[PDB]
Protein chains: 2
Amino acid sequence: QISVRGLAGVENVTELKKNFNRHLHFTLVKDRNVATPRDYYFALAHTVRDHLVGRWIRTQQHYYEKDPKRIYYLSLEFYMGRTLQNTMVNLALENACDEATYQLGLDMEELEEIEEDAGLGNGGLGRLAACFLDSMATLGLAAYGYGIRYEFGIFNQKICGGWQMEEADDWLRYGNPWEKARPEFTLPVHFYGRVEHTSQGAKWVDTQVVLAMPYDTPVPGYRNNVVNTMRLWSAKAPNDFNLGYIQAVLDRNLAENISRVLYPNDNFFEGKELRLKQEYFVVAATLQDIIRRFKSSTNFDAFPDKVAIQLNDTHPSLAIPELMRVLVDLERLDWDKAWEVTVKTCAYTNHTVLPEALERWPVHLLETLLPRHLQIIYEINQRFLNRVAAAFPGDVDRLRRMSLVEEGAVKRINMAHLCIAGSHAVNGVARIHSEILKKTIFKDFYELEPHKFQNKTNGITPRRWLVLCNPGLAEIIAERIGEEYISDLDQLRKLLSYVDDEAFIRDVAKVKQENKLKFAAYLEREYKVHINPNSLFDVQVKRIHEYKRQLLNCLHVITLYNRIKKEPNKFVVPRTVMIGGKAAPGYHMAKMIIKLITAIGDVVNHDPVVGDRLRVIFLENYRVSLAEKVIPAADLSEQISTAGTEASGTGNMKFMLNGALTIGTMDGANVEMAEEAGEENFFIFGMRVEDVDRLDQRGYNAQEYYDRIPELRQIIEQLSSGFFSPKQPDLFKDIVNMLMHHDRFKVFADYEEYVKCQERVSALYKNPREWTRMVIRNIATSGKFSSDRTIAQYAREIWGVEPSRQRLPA
Amino acid sequence: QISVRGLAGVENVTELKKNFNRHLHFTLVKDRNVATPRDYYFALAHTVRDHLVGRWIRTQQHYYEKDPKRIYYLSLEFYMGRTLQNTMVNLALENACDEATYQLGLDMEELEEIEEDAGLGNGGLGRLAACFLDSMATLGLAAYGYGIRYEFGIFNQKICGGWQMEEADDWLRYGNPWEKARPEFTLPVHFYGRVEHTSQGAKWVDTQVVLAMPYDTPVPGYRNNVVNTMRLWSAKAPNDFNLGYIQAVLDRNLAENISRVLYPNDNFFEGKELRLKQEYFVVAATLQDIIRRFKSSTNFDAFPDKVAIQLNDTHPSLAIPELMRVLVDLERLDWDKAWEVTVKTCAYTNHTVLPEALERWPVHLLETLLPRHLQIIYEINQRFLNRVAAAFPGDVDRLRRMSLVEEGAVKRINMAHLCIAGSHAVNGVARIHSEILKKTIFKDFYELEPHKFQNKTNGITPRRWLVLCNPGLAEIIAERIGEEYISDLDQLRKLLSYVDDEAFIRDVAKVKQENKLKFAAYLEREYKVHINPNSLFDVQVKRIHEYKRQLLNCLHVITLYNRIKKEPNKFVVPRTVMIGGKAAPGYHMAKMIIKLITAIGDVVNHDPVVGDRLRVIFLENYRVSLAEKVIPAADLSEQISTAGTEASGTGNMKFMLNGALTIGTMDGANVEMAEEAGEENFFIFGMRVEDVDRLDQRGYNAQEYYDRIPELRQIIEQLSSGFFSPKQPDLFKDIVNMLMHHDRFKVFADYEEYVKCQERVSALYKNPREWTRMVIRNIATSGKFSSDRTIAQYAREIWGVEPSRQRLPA
Ligand SMILES: OC[C@H]1O[C@@H](NC(=S)N/N=C/c2ccc(Cl)cc2)[C@H](O)[C@@H](O)[C@@H]1O
Ligand SMILES: OC[C@H]1O[C@@H](NC(=S)N/N=C/c2ccc(Cl)cc2)[C@H](O)[C@@H](O)[C@@H]1O
Ligand SMILES: OC[C@H]1O[C@@H](NC(=S)N/N=C/c2ccc(Cl)cc2)[C@H](O)[C@@H](O)[C@@H]1O
Ligand SMILES: OC[C@H]1O[C@@H](NC(=S)N/N=C/c2ccc(Cl)cc2)[C@H](O)[C@@H](O)[C@@H]1O
């Protein structure tokens, strides 16, 4: 149908059809008489995956032959989503498969909905890893993603009586066609035990052993015939484990629990032993794999020339002492040489400045679980602090501030300090975030080693986040400027010369309308909820956190409702306000926020005076597959975190690429987005980081705002009195109390400017032509936020490798 | 190479080769450069399994169209062994695959050794189910095997310091190419809860739900294009199970533990809750499947016309009250009609008379786990006992003897009594066993309902147990009488006319010699143990039990050793005595017996005076795959259970078919074997059942034998004094004490006759021509012991269906 989806040749369509029938028969053991839609999906998945194998084998053979420097991206999260469409897009098979299935009497889009998301992540950090893998393959880098194959990913969110309920994400139930188990590359991982000191160095003994079994998943580059590997480890008990008899076999579950479930607590670091085990498990297994591949090329001087390890946050920080352990204890290198190798090999990416999210592991945990690693960490600390003492003589408080060991009630290890000490590069994920790192939380480290600190502004892959999810927009762009922009997003700048083009303006607006209609239909079919597709689609989708200020959005919604109720016969621009996202199961306040949103909806959506002028919908089970649907349908992107709290954001970039305007604070990547598009083409409001700091010095008093803003007072009165919860009058007392007395994120302080700015949004939306022209200016300047740019910067500035857009032979 | 292994056509060999390469590439994601022998096995397995799919789909479609009476064989055990060679044999693909792999530069026999046994059984009962499935497919019956997919089968046995060690049989580690998961046919199974009585009958409520997910495995008939299904259930937690958050997900293991491991305790009934859960799980899931298939044909009068359920022992006895529950509570049939249907549907096979093996479930267990079933069982009992009271008025002790409920310290349900009451047919597994059932343990039931009691003498499949494991013997037989005997084993009688044939005598003896050399080589390669291939191969392989009297064999071995030591320069027929088998992990005495055997070996095998005249080897990890190796190599089969204790035996039949002579008691099927071959061609010894009974009435005094047999006294003195355990003098005190004071199985009573009979064996072996002639007479009369005969008898006499040797179209 559309050009960017590839050719549907006679030979290819015929071959796809026969291989589809072959798989249905030989692979699924079905015939068309009893086959379900799910059987058809799997037949298609097997048909498509066949096209990956040759490229996958020869890419990996190519790396073995050419022996380039290898990039190892270590993460506890890879938020991949669905794989079928992405594979088709990257192999130019989409139209061919669409045709082939059509001729078989099947709707491919229907088959695509059957695939489970690989939800092996929580939000931004996990999704970033996924975009990064796509870009590394597209840029021809010898890159490997290493993580854990969780049996259960991020929970499925159900909403019951307005409350979030969690259920297990049993994503492997029907089997995963995109993985290949590699039980032959199974590796032992050690836990517990004790350290023996001998004549010939330290020895870690009496350990318990858990096996790490790898599963390989392909990562196809965009039409370059490159297929990289994401290798995920699964925990397996050894066969003599616990070996009355029956119990010993049943107890195998204990060892295998390591890879059972993804921790969903993105709000609050929990020092849970199982989480620590997960972190070491991925690190220990991965490093053996790295070293094996390096030896299959004695001399570890060349190790940093052939290996880069990127630590995605501090979660895999144990790579640093583990590498030291292997180099010193097993390979018998001297400390100083091992340390030089380690530092040159490792680099660390920070993803937050919120103190409660920082990993600070109790010493007693590390003492029991990883006794040798604790000793190594102590030695790292001593030698590091001796360097600090020499650079800043007599500065005793600096020494305690910079220590990897935190003294207190329980002694803790600061994993962020460990990462900085043992990495040659430390980066933040947006310019303002990287600056905040140097100025505040890691200031001491920056002063000691300024050369270590870099910025790498986040990006998103334009394959998933434009071509895949918004083919209509991709096509109207390709009609004017060609297809090259898909792997060179800066080319979107050429669209600036079409800002006055009447045909293009009409097409951009039409694509959005089509997307909105498609999404309005989805909501009715799958959730039986009805919306007005002519209203402004006002969306805030992201994990529920106080810092992200879904509550500020709630306050605006209630403001609009109250203004309508006051002047019912006055015209207002119709809005559909959509808020979605999961709360960490133990995050009470975030769970209360979800309940608030639904409670507002219950009042607003059933008020006859309101009509279809205002609708508030909670988007259930927000996940990658839902993002791919809602983002193309959005008109307004809510990016309203308190300045200095959102390290980057990536959702923001997805909305910008897909033709929504942004209302946001000058926080994270919003700053750079406004800079690229021009501040005139952005709806900026609220305190800057400097204003937040000023307010903190003075002391934040929420009562002041309550006293001076009558509309805000009304809302707080309504919440308190039980207007939004008639049968449980005091339901939202926790929310009110927090807002009034202990709001870390200054919701009230940005309220007036927010509401004012929202009025300017409604004003522009009344003028469809000018709304769309500003949209074109956003899309046209979204190029910088391609993860291809981000990865090219990591490659050149951190990893010391050059990207390549060159095809491998097919 | 050999004719019975099929044609190796040019077209087939070429096609097998290309499909092998296709699977290696697309399925295994490897190329020849990095492929391991295991990769090659899997490529071959996938290549062969492709040939099953068409036949499998059309067999099952055929049953749906023709709607024959369906046979459901319910067992907690299916001891399948390896599947690759069996599939090739039944599809006539063996020579073609041999050629195809040869041309690829691979040894197929080497690839075959890589396959794990499906060890989903303990011994005879489990293996019988497997032979039965093969015969039902070969005889064209619409048959389904239903059981549990254990994650861990029978433990792998390691011998360490002479002691049995158990390790987990992780048979699914590399994946199972012979199964197809069917998550679409997943069914709920209920546990716990309580019974509510309403106006409209009883209701079972507040249950916990465990999901049953089926996995289908093909059962190919012998060259008839029939492929039946063995459906095995796996336990899955529902997604809202236990749904702080992390624990709830981890607790899913509790529900899924149901299908985790096979109970190995074949010696002693353990009333463990997990085992009860397993038994109900298979029954509940299976019956829903049966009823679904029956409805997809309101009127349950026709149920017994379209359904037969065979209960393999009492393990699935809960099928009786479960069927009643469904018919009465869910379908709303009256009790009397439901009961008529149930009785006509169910049949029960008994496999033992040993009281400690009989399932007697504590009422308190059933009360908690299955409250509705207990109520149904009580009602069954009341109505049954009313029938007994009417037939035998005033006989009050009969009433308590026949009750399904046993009174005592803890009230128990006798599952065997439940099975007899609710089945239209009850059978033993050999003529003497079935007679013992009518005369002793079920005498009361026989008097009430004599028509219910039948015999179905056990059999073995001549496909696995001749063609597959002994191709050399199969071929020399086919050379004279054709190939028809393979599915009509009675044709082996034609070999009687070759008993004086000099060419045939020479060939039979040559095949045995070749088998012995092959096995002597296997022992050196895989276990580094050396044997004399010219010695008599004296083998006893079977689970270790006191009733099977491995101890009596031990006494003979020591007798031979002592006789050699007394007269060293006297000629004795050389023997390699091989004993193998697993002991249930909690069976102390059986574990002591294994240690005794190894301890004897340690003394005998290192005595220079003995030389190579006597060797004692413990065969480690006896299992189906090992049986296939050792049985063709055997000269003498030890079948020496105390008369009246071995219900049938099937190992005995395997040895008879493969050219070994039998030394045995008149127990189980040995009686019928001797009857078929002629007592002159069998080495029969020891007490008959009647002699055992006489001895019991008098009182068994082992001291009498010790006092009157000097050679026996010497052995007991040696055991006591520490001759076989120099550093632990009292090691075997338990064994001696048992033999002397509490031997239920009268080892001493058969000692003299046993030793005497063994002398006659050695005498015959000195005359190779006469040894072989007697062998021919055994093989020639082994026809009755084909499971084809057994299954045809079940079909006609119990199930009411006619077998068919007719091909389905290819
Ligand atoms: O889904 C059922 C099972 O499939 C298996 N896959 C096998 S046998 N081949 N895959 C080949 C392959 C080819 C191409 C690609 Cl792009 C990925 C895998 C998986 O190893 C196993 O984990 C899974 O449960
Ligand atoms: O850089 C990518 C994105 O990273 C995010 N960080 C996230 S998702 N941390 N999760 C941490 C976490 C901690 C513990 C657990 Cl158990 C789970 C998740 C930033 O908030 C966002 O601004 C940025 O764009
Ligand atoms: O081995 C990896 C996985 O394979 C899967 N098999 C699939 S996708 N097709 N099988 C088709 C098939 C065809 C013929 C026959 Cl005779 C048996 C199965 C199994 O369902 C799964 O349990 C297992 O782990
Ligand atoms: O008829 C086939 C064979 O059946 C055998 N019975 C067996 S293996 N019972 N296992 C029982 C059992 C009980 C509990 C558990 Cl957890 C495991 C096994 C007979 O002993 C044998 O004579 C006969 O030939």
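For ligands, and for the atoms within them, numbers begin at 1 and follow the listed sequence. Chain identifiers are assigned alphabetically (A, B, ...) following the order of the sequence lines, protein sequences preceding nucleic acid strands; residue numbering begins at 1 within each chain. Values below: all heavy atoms of this structure, side chains included; hydrogens, waters and symmetry mates excluded.
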_Check: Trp178(A) ring centre within less than 6.0 Å of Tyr215(A) ring centre_ =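 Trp178(A) vs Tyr215(A): aromatic centres not under 6.0 Å.
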Return yes or no for this condition: an N or O of [X] is under 3.5 Å from an N or O of ligand 4.
| X | value |
| --- | --- |
| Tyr547(B) | yes |
| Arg275(B) | no |
| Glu646(B) | yes |

Answer with yes or no whether the side chains of [Y] and [X] bring together a donor and an acceptor at under 3.5 Å.
| X | Y | value |
| --- | --- | --- |
| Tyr794(B) | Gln310(B) | no |
| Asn19(A) | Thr47(A) | no |
| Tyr587(B) | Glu546(B) | yes |
| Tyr348(B) | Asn350(B) | yes |
| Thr349(B) | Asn427(B) | yes |

Can you pull out the closest protein heavy atom to [atom]? Residue, atom name and distance to 0.1 Å, please.
| atom | result |
| --- | --- |
| atom 1 (O) of ligand 1 | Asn176(A) O, 3.5 Å |
| atom 17 (C) of ligand 1 | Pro177(A) O, 3.7 Å |
| atom 16 (Cl) of ligand 1 | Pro218(A) CG, 3.4 Å |
| atom 20 (O) of ligand 1 | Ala181(A) N, 2.8 Å |
| atom 14 (C) of ligand 1 | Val53(A) CG1, 3.5 Å |
| atom 19 (C) of ligand 4 | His351(B) O, 3.4 Å |
| atom 8 (S) of ligand 1 | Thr27(B) O, 4.0 Å |

Tell me the closest heavy-atom pair linking [X] and [Y], and the distance in Å.
| X | Y | result |
| --- | --- | --- |
| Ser234(A) | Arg149(A) | OG-NH1, 4.0 Å |
| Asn652(B) | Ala669(B) | OD1-CB, 3.9 Å |
| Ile246(A) | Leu262(B) | CD1-O, 4.2 Å |

Could you pull out, from [options], the option with a heavy atom nearest to [atom]?
| atom | options | value |
| --- | --- | --- |
| atom 24 (O) of ligand 4 | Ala669(B), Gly668(B), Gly124(B), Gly649(B) | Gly649(B) |
| atom 9 (N) of ligand 4 | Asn458(B), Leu76(B), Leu125(B) | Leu125(B) |
| atom 13 (C) of ligand 3 | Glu179(B), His23(A), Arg49(B) | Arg49(B) |

*What atoms of ligand 3 come within less than 4.0 Å of a heavy atom belonging to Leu52(B)?*
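Checking each atom against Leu52(B), I get 16 (Cl).
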*ligand 3 atoms in contact with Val29(A) (distance to a heavy atom under 4.0 Å)*: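 Contacts of ligand 3 toward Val29(A), numbered from 1: 11 (C), 12 (C), 13 (C).
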*Evaluation steps, ring pair (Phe, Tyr, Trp, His ring centres under 6.0 Å), between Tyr245(A) and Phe155(B)*: CA-CA 9 Å; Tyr245(A) 166 76; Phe155(B) 58 88; 5.7 Å; yes
*asked:* Using a 4.0 Å cut-off to any heavy atom of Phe26(B), which atoms of ligand 1 qualify?
replied: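 The list of qualifying atoms is 11 (C), 13 (C).
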_Under 4.0 Å and counting heavy atoms only, is there anything from the protein next to atom 3 (C) of ligand 1?_
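Not a single protein heavy atom is under 4.0 Å away.
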*asked:* Using a 3.5 Å distance criterion without hydrogens, assess whether the side chain of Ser637(B) forms a donor-acceptor pair with backbone atoms of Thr662(B).
replied: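 Checked: no pair found.
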_Using heavy atoms and a 4.0 Å limit, tell me yes or no: is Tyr215(A) in contact with ligand 1?_
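In this structure, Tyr215(A) qualifies as a contact of ligand 1 - some heavy atom is under 4.0 Å.
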_ligand 4 versus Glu270(B): contacting region, heavy-atom distance under 4.0 Å_ =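 For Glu270(B), there is no contact with ligand 4 at all, from either part.
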*asked:* Counting only heavy atoms closer than 4.0 Å, does ligand 4 sit against the backbone of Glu77(B), its side chain, both, or neither?
replied: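 Side chain only; the backbone of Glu77(B) stays clear of ligand 4.
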_Test: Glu115(A) and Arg38(A) ion pair at under 4.0 Å_ =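 Salt bridge between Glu115(A) and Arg38(A), a charged N being under 4.0 Å from a carboxylate O: no.
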